[PDB]
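Okay, so here's just one chain, in structure tokens, the form deposited in one PDB entry.
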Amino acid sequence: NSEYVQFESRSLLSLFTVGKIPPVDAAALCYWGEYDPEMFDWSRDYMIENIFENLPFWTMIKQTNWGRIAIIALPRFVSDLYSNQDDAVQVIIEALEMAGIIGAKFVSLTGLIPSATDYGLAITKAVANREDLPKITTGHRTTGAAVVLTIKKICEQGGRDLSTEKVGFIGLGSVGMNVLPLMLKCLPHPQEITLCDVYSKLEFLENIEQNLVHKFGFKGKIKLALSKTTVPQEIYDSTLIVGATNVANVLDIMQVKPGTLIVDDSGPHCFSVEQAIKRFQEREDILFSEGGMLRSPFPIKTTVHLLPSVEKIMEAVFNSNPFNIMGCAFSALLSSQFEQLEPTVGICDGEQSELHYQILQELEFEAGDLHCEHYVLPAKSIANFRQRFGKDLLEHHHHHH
């Protein structure tokens, strides 16, 4: 019941081969989340062998004003990619072969696929000098641009100036190392920056601190804090929290002070999504949103083909914003339309993300409106937040517990 979301009962691969579906220009690989024994009544290995059949599954088509992109689901769960890298690389190459057939020239590795494939390098090992396959990309330079666009939006809608914010970064990984230099070059420098990571990355954080004062030109307070399973209480003194970590529920959403802004690319989210919604509905004292979601100026027509096996035991996709598309997936389409936006493999210099930011703003792209998975923060609640939690009013709220 919408012209921008339509379900297709027949296989998209078959319809393509009979000339009923035009080729795509790019593709994006995803996985089936994590296995839940209450959702499905099969075992994990039975679903991999008999339901997914160890084959890539072309499940979605997104028609944008800048090309078409196919969504292909690998026949694995997220834990299966981490426990066997060789098998994960193998199923990706097969998915790359299918993506090349349907016309894709670039393929994004969405979710935790980079974190499990040496950020794409484990795949380039097996591709060697093969050319018949489309080129892979982690899309993390576009994800970083989407995070910076969300920082800009959550501060604008919150009625808060970034230059008088105390920003805390949880997780300085591939996406994290793209956001921090890009944030300083596109937005006003904050009053304070806090870097937080594992003990293994102390010298790593110590480096970024020194790069912050010389190379990036940050002249504010820089503090270093280390996480042990959970975040140090020091991070709760931050007024804006930027999360880009792979460990889940590291931030206690009930310990953040009233008026905190949270931008989290992490999927899974570094905080409890359900506890954040409940606090926001009762208190309306926080702003939190996805970090890696982009909002296109023009709507996107999404065709959906569910696996008939899983379709029986299933809203979710129809209950979506037709203007929204993930920055990681869209990155493959960007590389296919703009040769200057080269694909990214592994962790490398994050300065080039400024090109992605400029292009995204040139096309009148902005971050997706403030939302977290299924929940969209209502505009009237955001307005109530702006009137109640300006910088001059943060000290005048009771911090529970």
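Note that residue numbering follows the sequence shown and begins at 1.
From this point on, the text means the form solved in complex with a small molecule, which you will not see here.
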Within 4.5 Å of the small molecule in the deposited bound form: all of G111, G171 and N246, by heavy atom?
-> yes
Single option in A73, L212, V250, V91 placed near the small molecule in the deposited bound form, where near means a heavy atom within 4.5 Å | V250
Of the residues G158, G267, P258, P134, which one places a heavy atom within 4.5 Å of the small molecule in the deposited bound form?
-> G267
According to a 4.5 angstroms non-hydrogen atom cut-off, is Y119 in contact with the small molecule in the deposited bound form?
-> yes
For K201, is any heavy atom within 4.5 Å of the small molecule in the deposited bound form, or not?
-> yes
Might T239 be said to contact the small molecule in the deposited bound form, defining contact as any heavy atom within 4.5 Å?
-> no
Should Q275 be classed as touching the small molecule in the deposited bound form when contacts are defined as heavy atoms within 4.5 Å?
-> no
Among 171 to 179, 214 to 222, 276 to 284, 120 to 128, the stretch whose residues bring a heavy atom within 4.5 Å of the small molecule in the deposited bound form is 171 to 179
